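Dropping query-v9.pdb in here (PDB, C-alpha atoms and all ligand atoms):
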```
ATOM      1  CA  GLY U   1       0.000   0.000   0.000  1.00  0.00           C
ATOM      2  CA  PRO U   2       0.926   3.696   0.072  1.00  0.00           C
ATOM      3  CA  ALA U   3       3.634   4.967   2.430  1.00  0.00           C
ATOM      4  CA  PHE U   4       1.332   7.814   3.530  1.00  0.00           C
ATOM      5  CA  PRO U   5      -2.310   6.800   2.874  1.00  0.00           C
ATOM      6  CA  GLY U   6      -3.551  10.048   4.441  1.00  0.00           C
ATOM      7  CA  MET U   7      -2.206  11.944   1.420  1.00  0.00           C
ATOM      8  CA  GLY U   8      -3.920   9.665  -1.133  1.00  0.00           C
ATOM      9  CA  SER U   9      -6.452  12.405  -1.941  1.00  0.00           C
ATOM     10  CA  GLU U  10      -5.292  14.729  -4.741  1.00  0.00           C
ATOM     11  CA  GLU U  11      -7.305  17.585  -3.204  1.00  0.00           C
ATOM     12  CA  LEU U  12      -5.555  17.179   0.181  1.00  0.00           C
ATOM     13  CA  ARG U  13      -2.199  17.145  -1.612  1.00  0.00           C
ATOM     14  CA  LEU U  14      -3.149  20.306  -3.512  1.00  0.00           C
ATOM     15  CA  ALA U  15      -4.151  22.074  -0.271  1.00  0.00           C
ATOM     16  CA  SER U  16      -0.642  21.426   1.124  1.00  0.00           C
ATOM     17  CA  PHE U  17       0.765  23.817  -1.526  1.00  0.00           C
ATOM     18  CA  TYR U  18      -0.923  26.915  -0.028  1.00  0.00           C
ATOM     19  CA  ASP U  19       2.586  28.153   0.912  1.00  0.00           C
ATOM     20  CA  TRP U  20       4.445  26.790  -2.143  1.00  0.00           C
ATOM     21  CA  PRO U  21       7.217  29.241  -3.096  1.00  0.00           C
ATOM     22  CA  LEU U  22       7.408  28.330  -6.822  1.00  0.00           C
ATOM     23  CA  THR U  23       3.806  28.638  -8.054  1.00  0.00           C
ATOM     24  CA  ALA U  24       4.618  30.158 -11.472  1.00  0.00           C
ATOM     25  CA  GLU U  25       7.689  27.941 -11.944  1.00  0.00           C
ATOM     26  CA  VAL U  26       6.259  24.529 -10.960  1.00  0.00           C
ATOM     27  CA  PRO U  27       2.440  24.462 -10.632  1.00  0.00           C
ATOM     28  CA  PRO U  28       0.921  22.975  -7.447  1.00  0.00           C
ATOM     29  CA  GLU U  29      -1.814  21.445  -9.628  1.00  0.00           C
ATOM     30  CA  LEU U  30       0.786  19.371 -11.516  1.00  0.00           C
ATOM     31  CA  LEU U  31       2.704  18.473  -8.347  1.00  0.00           C
ATOM     32  CA  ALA U  32      -0.449  17.230  -6.574  1.00  0.00           C
ATOM     33  CA  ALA U  33      -1.617  15.337  -9.671  1.00  0.00           C
ATOM     34  CA  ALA U  34       1.774  13.599  -9.780  1.00  0.00           C
ATOM     35  CA  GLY U  35       1.333  12.267  -6.211  1.00  0.00           C
ATOM     36  CA  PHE U  36       3.358  14.941  -4.419  1.00  0.00           C
ATOM     37  CA  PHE U  37       2.541  16.884  -1.270  1.00  0.00           C
ATOM     38  CA  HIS U  38       4.446  19.854   0.150  1.00  0.00           C
ATOM     39  CA  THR U  39       6.786  19.042   3.051  1.00  0.00           C
ATOM     40  CA  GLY U  40       7.803  22.181   4.967  1.00  0.00           C
ATOM     41  CA  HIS U  41       7.863  25.787   3.707  1.00  0.00           C
ATOM     42  CA  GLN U  42      10.654  25.561   1.087  1.00  0.00           C
ATOM     43  CA  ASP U  43      10.469  23.583  -2.204  1.00  0.00           C
ATOM     44  CA  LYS U  44      10.556  20.043  -0.752  1.00  0.00           C
ATOM     45  CA  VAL U  45       7.843  17.538  -1.706  1.00  0.00           C
ATOM     46  CA  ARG U  46       7.195  13.827  -1.171  1.00  0.00           C
ATOM     47  CA  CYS U  47       5.091  11.277  -3.024  1.00  0.00           C
ATOM     48  CA  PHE U  48       2.292   9.902  -0.823  1.00  0.00           C
ATOM     49  CA  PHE U  49       2.808   6.417  -2.272  1.00  0.00           C
ATOM     50  CA  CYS U  50       6.561   5.771  -2.552  1.00  0.00           C
ATOM     51  CA  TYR U  51       7.568   8.573  -0.087  1.00  0.00           C
ATOM     52  CA  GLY U  52      10.224   9.709  -2.593  1.00  0.00           C
ATOM     53  CA  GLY U  53      11.379  13.223  -1.720  1.00  0.00           C
ATOM     54  CA  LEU U  54      12.301  15.856  -4.322  1.00  0.00           C
ATOM     55  CA  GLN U  55      13.825  19.308  -3.816  1.00  0.00           C
ATOM     56  CA  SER U  56      15.814  21.915  -5.796  1.00  0.00           C
ATOM     57  CA  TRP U  57      13.050  22.348  -8.371  1.00  0.00           C
ATOM     58  CA  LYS U  58      14.031  24.235 -11.502  1.00  0.00           C
ATOM     59  CA  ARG U  59      11.560  26.377 -13.468  1.00  0.00           C
ATOM     60  CA  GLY U  60       9.591  24.271 -15.960  1.00  0.00           C
ATOM     61  CA  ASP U  61      10.424  20.951 -14.259  1.00  0.00           C
ATOM     62  CA  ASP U  62       7.613  18.492 -14.975  1.00  0.00           C
ATOM     63  CA  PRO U  63       6.447  16.667 -11.817  1.00  0.00           C
ATOM     64  CA  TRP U  64       5.513  13.406 -13.601  1.00  0.00           C
ATOM     65  CA  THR U  65       8.808  13.341 -15.502  1.00  0.00           C
ATOM     66  CA  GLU U  66      10.757  13.916 -12.280  1.00  0.00           C
ATOM     67  CA  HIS U  67       8.679  11.202 -10.534  1.00  0.00           C
ATOM     68  CA  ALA U  68       9.579   8.709 -13.258  1.00  0.00           C
ATOM     69  CA  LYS U  69      13.226   9.809 -13.450  1.00  0.00           C
ATOM     70  CA  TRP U  70      13.966   9.373  -9.740  1.00  0.00           C
ATOM     71  CA  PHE U  71      11.395   6.858  -8.486  1.00  0.00           C
ATOM     72  CA  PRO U  72      10.622   4.591 -11.470  1.00  0.00           C
ATOM     73  CA  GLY U  73       9.425   1.719  -9.213  1.00  0.00           C
ATOM     74  CA  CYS U  74       6.584   3.711  -7.648  1.00  0.00           C
ATOM     75  CA  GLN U  75       3.294   1.851  -8.078  1.00  0.00           C
ATOM     76  CA  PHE U  76       1.190   5.030  -8.067  1.00  0.00           C
ATOM     77  CA  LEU U  77       3.361   6.297 -10.936  1.00  0.00           C
ATOM     78  CA  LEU U  78       2.929   2.974 -12.767  1.00  0.00           C
ATOM     79  CA  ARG U  79      -0.844   2.835 -12.248  1.00  0.00           C
ATOM     80  CA  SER U  80      -1.246   6.484 -13.278  1.00  0.00           C
ATOM     81  CA  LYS U  81       1.157   6.803 -16.226  1.00  0.00           C
ATOM     82  CA  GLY U  82       1.904   3.237 -17.367  1.00  0.00           C
ATOM     83  CA  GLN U  83       5.147   1.377 -18.027  1.00  0.00           C
ATOM     84  CA  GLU U  84       5.786   2.823 -21.509  1.00  0.00           C
ATOM     85  CA  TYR U  85       5.889   6.350 -20.082  1.00  0.00           C
ATOM     86  CA  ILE U  86       8.372   5.287 -17.387  1.00  0.00           C
ATOM     87  CA  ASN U  87      10.539   3.369 -19.872  1.00  0.00           C
ATOM     88  CA  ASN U  88      10.675   6.314 -22.302  1.00  0.00           C
ATOM     89  CA  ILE U  89      11.981   8.666 -19.579  1.00  0.00           C
ATOM     90  CA  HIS U  90      14.678   6.064 -18.831  1.00  0.00           C
TER      91      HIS U  90
HETATM   92 ZN    ZN Z   1       5.836   7.832  -5.959  1.00  0.00          ZN
END
```

Kindly transcribe the structure held in the file into structure tokens.
Amino acid sequence: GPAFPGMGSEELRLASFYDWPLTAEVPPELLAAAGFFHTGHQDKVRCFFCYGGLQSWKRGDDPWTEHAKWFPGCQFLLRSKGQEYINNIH
């Protein structure tokens, strides 16, 4: 199951970005959709399912792409985006 089942709701994940410092650069909507919630006040996020943590976001980074790049074994990623998507990023 998920590492953090309490953050399984996309809407709850989205709410966590109320204090996101990079709104124009990396949209909260895309982050939440990609399984990520905001951890702290800076630019750190974690996936609710695999608990993979990402920081140092650059402008235009794509949350799904980053999810697949760094945590290709995540089952939420697989279920959401499929194996072909993951393979093509790798
Ligand atoms: Zn994940």

**Report entry** Within 12 Å of ligand ZN 1 (chain Z) (all atoms listed in the file), residues as a PyMOL selection string
**Finding:** chain U and resi 1-4+7-8+31-37+45-54+63-81+86

Query raised in the report: Which of these residues is nearest to residue 30 of chain U, using all atoms listed in the file: U:9, U:58, U:88, U:14?
Result: U:14

Query - All residues 9 Å or closer to residue 44 of chain U, all atoms listed in the file, same chain fewer than 3 positions away omitted, as a list in words - result: residues 37, 38, 39, 40, 41, 53, 54, 55, 56 and 57 of chain U

Requested in this report: Go ahead and compute the interatomic distance for atom CA of residue 61 of chain U and atom CA of residue 26 of chain U, in Å to one decimal.
Outcome: 6.4 Å

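The spacing separating atom CA of residue 10 of chain U from atom CA of residue 59 of chain U amounts to 22.3 Å.
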
Give the centre and edge lengths of an axis-aligned box, in Å to one decimal, that holds all listed atoms of segment 16-29 of chain U with 6 Å on each side, as lines of an AutoDock Vina configuration file.
```
center_x = 2.9
center_y = 25.8
center_z = -5.4
size_x = 21.5
size_y = 20.7
size_z = 25.1
```

Query raised in the report: In Å, with one decimal, what is the gap from atom CA of residue 87 of chain U to atom CA of residue 62 of chain U?
Result: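 Value for the atom CA of residue 87 of chain U-atom CA of residue 62 of chain U distance: 16.2 Å.
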